[PDB]
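What follows is the content of start_11.txt (compact mmCIF, C-alpha atoms).
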# COMPACT_ATOMS: atom_id res chain seq x y z
CA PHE Z 1 2.55 -37.61 1.02
CA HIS Z 2 5.46 -39.84 1.99
CA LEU Z 3 5.96 -40.08 5.74
CA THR Z 4 9.61 -40.49 6.80
CA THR Z 5 11.77 -39.00 9.61
CA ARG Z 6 14.48 -36.40 10.24
CA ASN Z 7 16.40 -37.02 13.45
CA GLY Z 8 13.63 -38.93 15.22
CA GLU Z 9 11.07 -36.37 14.14
CA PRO Z 10 8.33 -37.00 11.56
CA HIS Z 11 9.01 -35.57 8.07
CA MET Z 12 6.42 -34.99 5.32
CA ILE Z 13 7.33 -35.13 1.63
CA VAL Z 14 4.30 -33.33 0.20
CA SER Z 15 3.41 -33.62 -3.48
CA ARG Z 16 1.44 -31.23 -5.67
CA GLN Z 17 -1.91 -33.00 -5.48
CA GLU Z 18 -2.14 -32.41 -1.75
CA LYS Z 19 -2.26 -28.62 -1.88
CA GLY Z 20 -5.28 -27.48 0.09
CA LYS Z 21 -5.95 -30.62 2.07
CA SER Z 22 -5.53 -31.46 5.73
CA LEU Z 23 -2.50 -33.67 6.36
CA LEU Z 24 -3.20 -36.52 8.79
CA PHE Z 25 -0.87 -39.21 10.12
CA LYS Z 26 -1.08 -41.49 13.15
CA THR Z 27 1.46 -41.23 15.99
CA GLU Z 28 1.88 -42.93 19.36
CA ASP Z 29 0.44 -39.75 20.91
CA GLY Z 30 -2.75 -39.96 18.85
CA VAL Z 31 -3.60 -38.58 15.42
CA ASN Z 32 -1.59 -35.60 14.17
CA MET Z 33 -3.14 -32.93 11.93
CA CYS Z 34 -0.72 -30.59 10.16
CA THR Z 35 -1.99 -27.70 8.12
CA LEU Z 36 -0.13 -26.65 4.99
CA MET Z 37 -0.85 -23.15 3.70
CA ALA Z 38 2.26 -22.69 1.52
CA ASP Z 39 4.38 -21.61 -3.39
CA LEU Z 40 3.69 -25.35 -3.00
CA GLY Z 41 4.29 -26.86 -6.43
CA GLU Z 42 5.59 -30.02 -8.09
CA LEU Z 43 8.14 -32.22 -6.34
CA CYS Z 44 11.47 -31.62 -8.05
CA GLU Z 45 15.11 -30.64 -7.47
CA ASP Z 46 14.13 -27.27 -6.10
CA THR Z 47 12.88 -28.41 -2.72
CA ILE Z 48 12.54 -26.52 0.43
CA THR Z 49 12.41 -28.11 3.83
CA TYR Z 50 11.42 -26.60 7.15
CA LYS Z 51 9.48 -27.16 10.37
CA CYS Z 52 5.79 -26.97 11.16
CA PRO Z 53 5.53 -26.03 14.85
CA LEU Z 54 3.10 -27.41 17.39
CA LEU Z 55 0.38 -24.90 18.09
CA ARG Z 56 -1.99 -25.31 21.02
CA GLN Z 57 -4.79 -22.73 21.27
CA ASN Z 58 -2.65 -19.98 19.73
CA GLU Z 59 -3.34 -18.22 16.45
CA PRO Z 60 -0.63 -18.74 13.78
CA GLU Z 61 1.64 -15.83 12.96
CA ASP Z 62 4.31 -15.47 10.28
CA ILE Z 63 4.02 -19.15 9.22
CA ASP Z 64 2.28 -21.29 6.60
CA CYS Z 65 2.66 -24.70 8.22
CA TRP Z 66 1.79 -26.05 11.65
CA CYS Z 67 0.58 -29.21 13.35
CA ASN Z 68 -1.58 -29.55 16.45
CA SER Z 69 -0.16 -32.57 18.25
CA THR Z 70 3.45 -33.07 17.29
CA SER Z 71 5.91 -30.75 15.55
CA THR Z 72 6.63 -32.04 12.04
CA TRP Z 73 9.17 -31.29 9.31
CA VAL Z 74 7.81 -30.68 5.80
CA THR Z 75 9.34 -30.77 2.33
CA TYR Z 76 7.91 -29.87 -1.06
CA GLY Z 77 9.06 -28.72 -4.48
CA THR Z 78 8.32 -25.32 -6.04
CA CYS Z 79 8.38 -26.36 -9.73
CA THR Z 80 5.25 -26.05 -11.87
CA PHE G 1 -17.09 -20.38 -2.36
CA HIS G 2 -19.49 -17.93 -3.99
CA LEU G 3 -20.21 -18.76 -7.63
CA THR G 4 -20.82 -15.69 -9.82
CA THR G 5 -19.75 -14.66 -13.36
CA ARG G 6 -17.30 -12.39 -15.20
CA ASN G 7 -18.36 -11.69 -18.78
CA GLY G 8 -20.41 -14.85 -19.23
CA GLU G 9 -17.68 -16.94 -17.67
CA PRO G 10 -17.92 -18.60 -14.24
CA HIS G 11 -16.09 -16.79 -11.40
CA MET G 12 -15.12 -18.29 -8.03
CA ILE G 13 -14.82 -16.16 -4.89
CA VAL G 14 -12.78 -18.55 -2.74
CA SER G 15 -12.59 -18.11 1.03
CA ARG G 16 -9.90 -19.26 3.45
CA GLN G 17 -11.61 -22.43 4.65
CA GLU G 18 -11.48 -23.94 1.18
CA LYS G 19 -7.70 -24.09 0.88
CA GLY G 20 -6.75 -27.62 -0.06
CA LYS G 21 -10.09 -28.86 -1.28
CA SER G 22 -11.39 -29.72 -4.73
CA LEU G 23 -13.73 -27.05 -6.08
CA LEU G 24 -16.85 -28.48 -7.75
CA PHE G 25 -19.73 -26.69 -9.45
CA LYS G 26 -22.36 -27.88 -11.91
CA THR G 27 -22.52 -26.49 -15.46
CA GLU G 28 -24.63 -27.22 -18.54
CA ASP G 29 -21.64 -29.18 -19.87
CA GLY G 30 -21.52 -31.45 -16.83
CA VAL G 31 -19.71 -31.10 -13.51
CA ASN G 32 -16.64 -28.85 -13.42
CA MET G 33 -13.68 -29.59 -11.14
CA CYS G 34 -11.19 -26.76 -10.61
CA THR G 35 -8.04 -27.31 -8.64
CA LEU G 36 -6.66 -24.51 -6.50
CA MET G 37 -3.01 -24.81 -5.48
CA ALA G 38 -2.35 -21.16 -4.59
CA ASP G 39 -0.71 -17.49 -0.88
CA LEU G 40 -4.45 -18.19 -0.55
CA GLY G 41 -5.54 -16.41 2.63
CA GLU G 42 -8.50 -14.55 4.12
CA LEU G 43 -10.95 -12.71 1.88
CA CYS G 44 -10.22 -9.02 2.25
CA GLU G 45 -9.40 -5.82 0.34
CA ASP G 46 -6.21 -7.29 -1.02
CA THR G 47 -7.73 -9.60 -3.59
CA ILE G 48 -6.24 -11.05 -6.64
CA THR G 49 -8.24 -12.31 -9.57
CA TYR G 50 -7.13 -14.41 -12.50
CA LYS G 51 -8.04 -17.34 -14.75
CA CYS G 52 -7.87 -21.07 -14.24
CA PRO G 53 -7.39 -22.61 -17.70
CA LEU G 54 -9.02 -25.73 -19.05
CA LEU G 55 -6.55 -28.58 -19.08
CA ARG G 56 -7.28 -31.81 -20.93
CA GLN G 57 -4.69 -34.58 -20.52
CA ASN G 58 -1.81 -32.10 -20.17
CA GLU G 59 0.35 -31.65 -17.10
CA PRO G 60 0.11 -28.18 -15.48
CA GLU G 61 3.05 -25.83 -15.87
CA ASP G 62 3.68 -22.41 -14.34
CA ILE G 63 0.17 -22.24 -12.80
CA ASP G 64 -1.59 -22.92 -9.49
CA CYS G 65 -5.18 -23.04 -10.71
CA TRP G 66 -6.93 -25.01 -13.43
CA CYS G 67 -10.24 -26.67 -14.20
CA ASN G 68 -10.92 -29.76 -16.30
CA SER G 69 -14.17 -28.97 -18.08
CA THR G 70 -14.63 -25.25 -18.38
CA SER G 71 -12.17 -22.39 -17.90
CA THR G 72 -13.03 -20.47 -14.71
CA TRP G 73 -12.00 -17.17 -13.15
CA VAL G 74 -10.93 -17.24 -9.49
CA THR G 75 -10.62 -14.61 -6.78
CA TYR G 76 -9.27 -14.80 -3.24
CA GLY G 77 -7.73 -12.57 -0.60
CA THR G 78 -4.15 -12.80 0.68
CA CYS G 79 -4.73 -11.45 4.23
CA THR G 80 -4.08 -13.65 7.26
CA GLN M 1 1.42 -11.75 -11.93
CA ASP M 2 2.13 -10.11 -8.59
CA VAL M 3 2.20 -6.38 -8.06
CA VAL M 4 3.64 -4.71 -4.96
CA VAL M 5 3.75 -1.08 -3.95
CA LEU M 6 6.80 0.66 -2.48
CA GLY M 7 6.58 1.74 1.13
CA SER M 8 5.92 5.30 2.30
CA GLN M 9 8.33 7.90 0.97
CA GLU M 10 7.71 10.49 3.69
CA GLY M 11 11.05 9.46 5.18
CA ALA M 12 12.97 9.37 1.92
CA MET M 13 11.56 12.85 1.39
CA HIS M 14 12.35 14.30 4.84
CA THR M 15 15.99 13.25 4.90
CA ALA M 16 16.08 14.53 1.30
CA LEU M 17 14.91 18.07 2.09
CA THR M 18 17.56 18.65 4.76
CA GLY M 19 19.39 21.77 3.61
CA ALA M 20 16.56 23.67 1.91
CA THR M 21 15.21 26.68 3.83
CA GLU M 22 12.39 25.54 6.12
CA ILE M 23 9.25 27.69 6.06
CA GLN M 24 7.05 28.22 9.09
CA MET M 25 3.27 28.12 8.74
CA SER M 26 -0.07 27.93 10.52
CA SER M 27 -3.76 27.60 9.69
CA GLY M 28 -2.62 26.27 6.33
CA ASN M 29 -1.00 29.59 5.50
CA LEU M 30 2.72 30.00 4.85
CA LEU M 31 4.64 32.67 6.77
CA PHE M 32 7.65 34.67 5.71
CA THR M 33 9.79 37.46 7.07
CA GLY M 34 8.78 40.36 4.83
CA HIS M 35 10.35 43.74 4.11
CA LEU M 36 8.30 46.90 3.57
CA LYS M 37 8.82 50.51 2.54
CA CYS M 38 5.95 52.81 3.40
CA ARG M 39 5.00 56.46 3.32
CA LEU M 40 2.59 58.00 5.78
CA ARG M 41 0.79 61.30 6.26
CA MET M 42 -0.34 62.70 9.63
CA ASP M 43 -2.47 65.66 8.55
CA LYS M 44 -5.53 63.86 9.97
CA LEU M 45 -3.96 63.05 13.35
CA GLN M 46 -4.22 65.26 16.39
CA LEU M 47 -3.30 65.16 20.06
CA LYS M 48 -5.71 63.30 22.33
CA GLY M 49 -6.54 65.53 25.27
CA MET I 1 6.64 49.89 25.76
CA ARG I 2 7.07 47.17 23.15
CA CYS I 3 9.01 49.50 20.86
CA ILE I 4 11.05 50.96 23.70
CA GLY I 5 12.19 47.47 24.62
CA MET I 6 13.35 46.75 21.10
CA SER I 7 16.99 47.10 20.14
CA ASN I 8 16.15 47.88 16.52
CA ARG I 9 14.24 51.13 16.72
CA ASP I 10 14.28 53.99 14.17
CA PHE I 11 13.24 57.57 14.96
CA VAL I 12 11.71 59.36 12.00
CA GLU I 13 10.36 62.90 11.69
CA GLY I 14 8.93 64.93 8.82
CA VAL I 15 11.00 67.92 7.66
CA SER I 16 7.82 69.52 6.30
CA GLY I 17 4.17 69.90 7.27
CA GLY I 18 1.37 67.85 5.78
CA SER I 19 4.11 66.13 3.81
CA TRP I 20 4.73 62.40 3.47
CA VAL I 21 7.31 60.75 5.71
CA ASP I 22 9.12 57.59 4.62
CA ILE I 23 9.87 54.68 6.92
CA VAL I 24 11.25 51.18 6.49
CA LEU I 25 9.51 48.30 8.27
CA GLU I 26 11.29 45.05 9.18
CA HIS I 27 10.36 41.99 11.27
CA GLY I 28 11.70 42.39 14.79
CA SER I 29 12.14 46.15 14.53
CA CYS I 30 9.93 49.16 15.07
CA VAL I 31 9.80 52.74 13.92
CA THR I 32 8.77 55.71 16.03
CA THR I 33 7.46 58.77 14.21
CA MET I 34 7.16 62.27 15.58
CA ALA I 35 5.85 65.61 14.38
CA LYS I 36 5.06 69.03 15.81
CA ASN I 37 1.65 68.98 17.55
CA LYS I 38 1.03 65.39 16.49
CA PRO I 39 1.12 62.28 18.63
CA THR I 40 4.15 60.06 18.44
CA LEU I 41 3.38 56.70 16.84
CA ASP I 42 5.01 53.26 16.83
CA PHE I 43 5.00 51.04 13.74
CA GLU I 44 5.79 47.33 13.56
CA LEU I 45 5.48 44.74 10.81
CA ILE I 46 4.44 41.60 12.72
CA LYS I 47 3.19 39.16 10.08
CA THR I 48 3.82 38.34 6.42
CA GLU I 49 1.82 35.45 5.01
CA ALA I 50 0.62 34.11 1.69
CA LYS I 51 -3.12 33.42 1.61
CA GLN I 52 -4.43 30.59 -0.56
CA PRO I 53 -1.51 30.44 -3.04
CA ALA I 54 -2.00 28.46 -6.26
CA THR I 55 -1.45 24.70 -5.88
CA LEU I 56 0.94 23.48 -8.57
CA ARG I 57 1.07 19.72 -8.14
CA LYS I 58 -0.02 17.07 -5.64
CA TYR I 59 2.45 14.23 -5.14
CA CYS I 60 1.42 10.91 -3.67
CA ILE I 61 4.05 9.61 -1.21
CA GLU I 62 2.29 6.51 0.11
CA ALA I 63 -0.26 4.22 -1.49
CA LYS I 64 -2.06 0.92 -1.34
CA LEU I 65 -3.15 -1.56 -4.01
CA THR I 66 -6.39 -3.51 -4.26
CA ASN I 67 -8.22 -5.71 -6.78
CA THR I 68 -5.19 -6.86 -8.72
CA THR I 69 -6.37 -8.57 -11.92
CA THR I 70 -4.52 -10.52 -14.59
CA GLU I 71 -5.39 -11.48 -18.16
CA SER I 72 -3.23 -13.25 -20.74
CA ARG I 73 -3.45 -14.74 -24.24
CA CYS I 74 -1.70 -17.57 -26.07
CA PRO I 75 1.08 -17.08 -28.61
CA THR I 76 -0.49 -15.87 -31.88
CA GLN I 77 -3.65 -14.28 -30.49
CA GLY I 78 -2.64 -10.65 -30.01
CA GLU I 79 -2.48 -8.38 -26.96
CA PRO I 80 -4.98 -9.13 -24.17
CA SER I 81 -6.90 -6.35 -22.49
CA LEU I 82 -8.88 -5.46 -19.39
CA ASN I 83 -11.55 -2.77 -19.33
CA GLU I 84 -10.18 -1.43 -16.03
CA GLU I 85 -7.23 -0.50 -18.22
CA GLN I 86 -9.51 2.44 -19.09
CA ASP I 87 -10.24 3.30 -15.46
CA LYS I 88 -7.84 6.07 -14.40
CA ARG I 89 -7.68 4.72 -10.82
CA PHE I 90 -5.70 1.64 -11.92
CA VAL I 91 -2.03 1.07 -12.66
CA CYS I 92 -1.42 -1.47 -15.41
CA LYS I 93 1.45 -3.02 -17.32
CA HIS I 94 1.70 -5.04 -20.51
CA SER I 95 4.24 -7.84 -20.80
CA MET I 96 5.01 -11.13 -22.52
CA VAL I 97 5.26 -14.48 -20.75
CA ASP I 98 6.01 -18.04 -21.85
CA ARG I 99 2.90 -20.12 -22.56
Once more with this new file: its structure as C-alpha cells, please.
Amino acid sequence: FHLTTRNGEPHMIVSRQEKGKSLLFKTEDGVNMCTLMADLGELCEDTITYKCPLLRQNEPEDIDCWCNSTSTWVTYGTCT
Amino acid sequence: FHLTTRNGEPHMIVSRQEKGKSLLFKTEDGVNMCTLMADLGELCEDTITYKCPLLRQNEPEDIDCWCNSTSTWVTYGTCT
Amino acid sequence: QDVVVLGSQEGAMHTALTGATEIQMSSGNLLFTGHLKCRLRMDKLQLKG
Amino acid sequence: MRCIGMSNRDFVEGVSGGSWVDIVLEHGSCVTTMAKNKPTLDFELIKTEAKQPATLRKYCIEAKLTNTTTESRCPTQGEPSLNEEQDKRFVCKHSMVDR
C-alpha cells in the first residue's frame, strides 16, 4: 500500500493484493499495525475513504478497520 | 483452515485468523495457492459456501476468491 | 450471491389485525360468548327435607 | 345469591306437570325455574369454548438462514444445480449472471 497523509494523519491507499494481510508502517511512536477486514477490491474510480480508529484493549464493534497505535485513514477501491 | 472435499473437489473451511493470508495446500498436481479477498468473519451458523475458480494469466473480475492450479470450494462464517 | 431474510413480521401483523374482533382464550382453547336454548324436565326432582 | 345479584334474571315456570319447560341461556344472565312441590333452580351458561379445532394453516412470521451455497456455470453449459435444491428445508433461486 501507498503511505501518504490526510491533514497530518497517516493515510493508506490499499490495493487488492493486500486483502487479508496485516498492514504495518513505522511511525515516530513506534510501529503501527492496522487491521483491514473490509468489499475490498481493485483500486479504481469507485473509492471509499474512512478512518481506522485506535483501539487499546477493547474489542472491535461495528467496524472493519482499526489500528493499535495511531489512528489511520484508509482508502481502497471496490471494483473487481 | 480445515481441508476437506465436496464431490471429489477440494473444500476449504476458512476461519477468522486466516483473513489476509495466502492459502496453500498440496495436491497431486503440485502446490495450490488460493487467494481469499472476501465479509470474512468468525466461523458460525451463518456460513456461506462457494467456488474459487482456476485462473491462469487472467485478471480477476467480479470475484473475491480464486486459485491458480485447481478450482477449490471455500466456506467461512460472517459472524463477528 | 447474498441472501437475506426479512425481519420478524409479528409487528406488521399486529398493527394489521387492529379492527378484527379479538378472541379471548386460555389453555390453548378459544372462548366465545355462546347462546343456548334448552328444555328441561323436573319429574325426577323433589324437595330436600 | 349469584343469580339474585344479577340484573338479567328470567323467572320461568311450567304450565303443566311432568312437561318440558323452555328457557334461554345467555352469558351474564341467569334463569330461575319454579314448579309446584319442586325445588327452585338457577341456571347459568358460564363458558363456551372450542376444544381442539382443526388447524388450517401454519404461517411462519420470523425465520433465519444458514448454509447459503452458490453454484454457477459458464455461458453455453446449461443450468447449474445443487442437490440441496431437492431438500425441502432450503429456499433457492435460479438466475443468470455475467461471466
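Relative to CA of residue 41 (chain I), CA of residue 37 (chain M) is found at 16.5 Å.
Coordinates place CA of residue 2 (chain G) at a distance of 19.5 Å from CA of residue 21 (chain Z).
Picture a line from CA of residue 74 (chain Z) to CA of residue 37 (chain Z); it runs 11.7 Å.
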### Message
I need the contact residues of chain I against chain M, so if you could list those with any atom within 7 Å, counting all atoms listed in the file, and return them as a PyMOL selection string, that would help.
### Response
chain I and resi 18-27+37-39+48-51+61-62+64-65+70
Pose of chain G fitted onto chain Z, C-alpha LSQ, given as a PDB file with C-alpha atoms, keeping the file's coordinate frame:
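Dumped everything to part_2.pdb:
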ATOM      1  CA  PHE G   1       2.548 -37.610   1.016  1.00  0.00           C
ATOM      2  CA  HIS G   2       5.464 -39.842   1.986  1.00  0.00           C
ATOM      3  CA  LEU G   3       5.957 -40.085   5.749  1.00  0.00           C
ATOM      4  CA  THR G   4       9.606 -40.485   6.803  1.00  0.00           C
ATOM      5  CA  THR G   5      11.770 -39.006   9.608  1.00  0.00           C
ATOM      6  CA  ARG G   6      14.480 -36.396  10.232  1.00  0.00           C
ATOM      7  CA  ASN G   7      16.395 -37.018  13.453  1.00  0.00           C
ATOM      8  CA  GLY G   8      13.631 -38.926  15.216  1.00  0.00           C
ATOM      9  CA  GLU G   9      11.071 -36.366  14.147  1.00  0.00           C
ATOM     10  CA  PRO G  10       8.335 -36.994  11.558  1.00  0.00           C
ATOM     11  CA  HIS G  11       9.013 -35.572   8.064  1.00  0.00           C
ATOM     12  CA  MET G  12       6.421 -34.996   5.325  1.00  0.00           C
ATOM     13  CA  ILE G  13       7.330 -35.136   1.632  1.00  0.00           C
ATOM     14  CA  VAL G  14       4.300 -33.328   0.203  1.00  0.00           C
ATOM     15  CA  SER G  15       3.408 -33.618  -3.480  1.00  0.00           C
ATOM     16  CA  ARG G  16       1.434 -31.226  -5.669  1.00  0.00           C
ATOM     17  CA  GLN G  17      -1.916 -33.002  -5.480  1.00  0.00           C
ATOM     18  CA  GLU G  18      -2.139 -32.408  -1.747  1.00  0.00           C
ATOM     19  CA  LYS G  19      -2.261 -28.617  -1.886  1.00  0.00           C
ATOM     20  CA  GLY G  20      -5.271 -27.480   0.088  1.00  0.00           C
ATOM     21  CA  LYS G  21      -5.939 -30.614   2.066  1.00  0.00           C
ATOM     22  CA  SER G  22      -5.526 -31.456   5.735  1.00  0.00           C
ATOM     23  CA  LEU G  23      -2.503 -33.667   6.360  1.00  0.00           C
ATOM     24  CA  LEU G  24      -3.198 -36.523   8.795  1.00  0.00           C
ATOM     25  CA  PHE G  25      -0.868 -39.208  10.118  1.00  0.00           C
ATOM     26  CA  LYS G  26      -1.077 -41.484  13.144  1.00  0.00           C
ATOM     27  CA  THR G  27       1.456 -41.232  15.987  1.00  0.00           C
ATOM     28  CA  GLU G  28       1.881 -42.925  19.367  1.00  0.00           C
ATOM     29  CA  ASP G  29       0.433 -39.751  20.908  1.00  0.00           C
ATOM     30  CA  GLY G  30      -2.748 -39.960  18.848  1.00  0.00           C
ATOM     31  CA  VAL G  31      -3.606 -38.586  15.414  1.00  0.00           C
ATOM     32  CA  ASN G  32      -1.594 -35.601  14.172  1.00  0.00           C
ATOM     33  CA  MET G  33      -3.142 -32.932  11.938  1.00  0.00           C
ATOM     34  CA  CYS G  34      -0.725 -30.590  10.159  1.00  0.00           C
ATOM     35  CA  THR G  35      -1.991 -27.699   8.124  1.00  0.00           C
ATOM     36  CA  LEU G  36      -0.133 -26.658   4.996  1.00  0.00           C
ATOM     37  CA  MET G  37      -0.849 -23.157   3.696  1.00  0.00           C
ATOM     38  CA  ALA G  38       2.255 -22.694   1.527  1.00  0.00           C
ATOM     39  CA  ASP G  39       4.382 -21.609  -3.395  1.00  0.00           C
ATOM     40  CA  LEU G  40       3.695 -25.345  -2.995  1.00  0.00           C
ATOM     41  CA  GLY G  41       4.293 -26.861  -6.432  1.00  0.00           C
ATOM     42  CA  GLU G  42       5.591 -30.024  -8.092  1.00  0.00           C
ATOM     43  CA  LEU G  43       8.145 -32.216  -6.338  1.00  0.00           C
ATOM     44  CA  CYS G  44      11.464 -31.619  -8.046  1.00  0.00           C
ATOM     45  CA  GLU G  45      15.107 -30.638  -7.475  1.00  0.00           C
ATOM     46  CA  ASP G  46      14.125 -27.272  -6.099  1.00  0.00           C
ATOM     47  CA  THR G  47      12.878 -28.409  -2.722  1.00  0.00           C
ATOM     48  CA  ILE G  48      12.536 -26.520   0.430  1.00  0.00           C
ATOM     49  CA  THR G  49      12.409 -28.111   3.839  1.00  0.00           C
ATOM     50  CA  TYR G  50      11.424 -26.599   7.152  1.00  0.00           C
ATOM     51  CA  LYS G  51       9.472 -27.158  10.369  1.00  0.00           C
ATOM     52  CA  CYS G  52       5.792 -26.970  11.160  1.00  0.00           C
ATOM     53  CA  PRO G  53       5.529 -26.030  14.851  1.00  0.00           C
ATOM     54  CA  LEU G  54       3.104 -27.410  17.386  1.00  0.00           C
ATOM     55  CA  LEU G  55       0.385 -24.893  18.090  1.00  0.00           C
ATOM     56  CA  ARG G  56      -1.992 -25.316  21.016  1.00  0.00           C
ATOM     57  CA  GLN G  57      -4.790 -22.737  21.268  1.00  0.00           C
ATOM     58  CA  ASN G  58      -2.649 -19.978  19.728  1.00  0.00           C
ATOM     59  CA  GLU G  59      -3.334 -18.228  16.448  1.00  0.00           C
ATOM     60  CA  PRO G  60      -0.631 -18.744  13.774  1.00  0.00           C
ATOM     61  CA  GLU G  61       1.642 -15.830  12.960  1.00  0.00           C
ATOM     62  CA  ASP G  62       4.309 -15.471  10.279  1.00  0.00           C
ATOM     63  CA  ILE G  63       4.017 -19.148   9.224  1.00  0.00           C
ATOM     64  CA  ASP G  64       2.276 -21.291   6.598  1.00  0.00           C
ATOM     65  CA  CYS G  65       2.665 -24.698   8.221  1.00  0.00           C
ATOM     66  CA  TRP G  66       1.794 -26.052  11.649  1.00  0.00           C
ATOM     67  CA  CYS G  67       0.576 -29.203  13.350  1.00  0.00           C
ATOM     68  CA  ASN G  68      -1.583 -29.548  16.454  1.00  0.00           C
ATOM     69  CA  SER G  69      -0.155 -32.568  18.241  1.00  0.00           C
ATOM     70  CA  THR G  70       3.449 -33.069  17.294  1.00  0.00           C
ATOM     71  CA  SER G  71       5.912 -30.751  15.555  1.00  0.00           C
ATOM     72  CA  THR G  72       6.633 -32.044  12.032  1.00  0.00           C
ATOM     73  CA  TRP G  73       9.168 -31.289   9.314  1.00  0.00           C
ATOM     74  CA  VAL G  74       7.816 -30.681   5.800  1.00  0.00           C
ATOM     75  CA  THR G  75       9.342 -30.769   2.333  1.00  0.00           C
ATOM     76  CA  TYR G  76       7.912 -29.866  -1.062  1.00  0.00           C
ATOM     77  CA  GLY G  77       9.060 -28.716  -4.479  1.00  0.00           C
ATOM     78  CA  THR G  78       8.322 -25.319  -6.036  1.00  0.00           C
ATOM     79  CA  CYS G  79       8.377 -26.366  -9.732  1.00  0.00           C
ATOM     80  CA  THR G  80       5.253 -26.050 -11.873  1.00  0.00           C
TER      81      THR G  80
END
### Task
Using only C-alpha atoms, select each residue of chain Z with any atom at most 6 Å away from an atom of chain G, and give the selection as a ChimeraX atom specification.
/Z:19-21,80
### Task
Determine which residues of chain G sit within 8 Å of chain I, taking into account only C-alpha atoms, and present them as a PyMOL selection string.
chain G and resi 45-51
Restricting it to C-alpha atoms, dump the selection as a short mmCIF file (atom, residue, chain, number, x, y, z; two decimals), in the frame of the given file.
data_model
loop_
_atom_site.label_atom_id
_atom_site.label_comp_id
_atom_site.auth_asym_id
_atom_site.auth_seq_id
_atom_site.Cartn_x
_atom_site.Cartn_y
_atom_site.Cartn_z
CA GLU G 45 -9.40 -5.82 0.34
CA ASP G 46 -6.21 -7.29 -1.02
CA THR G 47 -7.73 -9.60 -3.59
CA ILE G 48 -6.24 -11.05 -6.64
CA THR G 49 -8.24 -12.31 -9.57
CA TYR G 50 -7.13 -14.41 -12.50
CA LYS G 51 -8.04 -17.34 -14.75
#
Write out as a JSON list (two decimals) with C-alpha atoms, in the frame of the given file which residues come within 7 Å of residue 14 (chain Z) when counting only C-alpha atoms, dropping same-chain ones fewer than 5 positions away.
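Generated file (selection_34.json):
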[["chain", "number", "residue", "atom", "x", "y", "z"],
["Z", 1, "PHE", "CA", 2.55, -37.61, 1.02],
["Z", 2, "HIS", "CA", 5.46, -39.84, 1.99],
["Z", 75, "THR", "CA", 9.34, -30.77, 2.33],
["Z", 76, "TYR", "CA", 7.91, -29.87, -1.06]]
### Task
Pull the neighbourhood of (4.2, 55.4, 12.7) for me: all residues within 9 Å in file coordinates, counting all atoms listed in the file, as an MDAnalysis selection string.
(chainID M and resid 40) or (chainID I and resid 12 23 30:34 40:44)
### Message
Need to verify the contact set: region 74-80 of chain I, 12 Å, all atoms listed in the file, exclusion of same-chain residues closer than 6 positions in sequence. Can you return it as a PyMOL selection string?
### Response
(chain G and resi 53) or (chain I and resi 93-99)
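Of the listed residues G:78, G:25, G:5, G:32, the one whose atoms come nearest to chain M is G:78, with distances taken using only C-alpha atoms.
You can rank G:31, G:12, G:43, G:79 by their closest distance to residue 65 (chain G) using only C-alpha atoms, and at the top of that list sits G:12.
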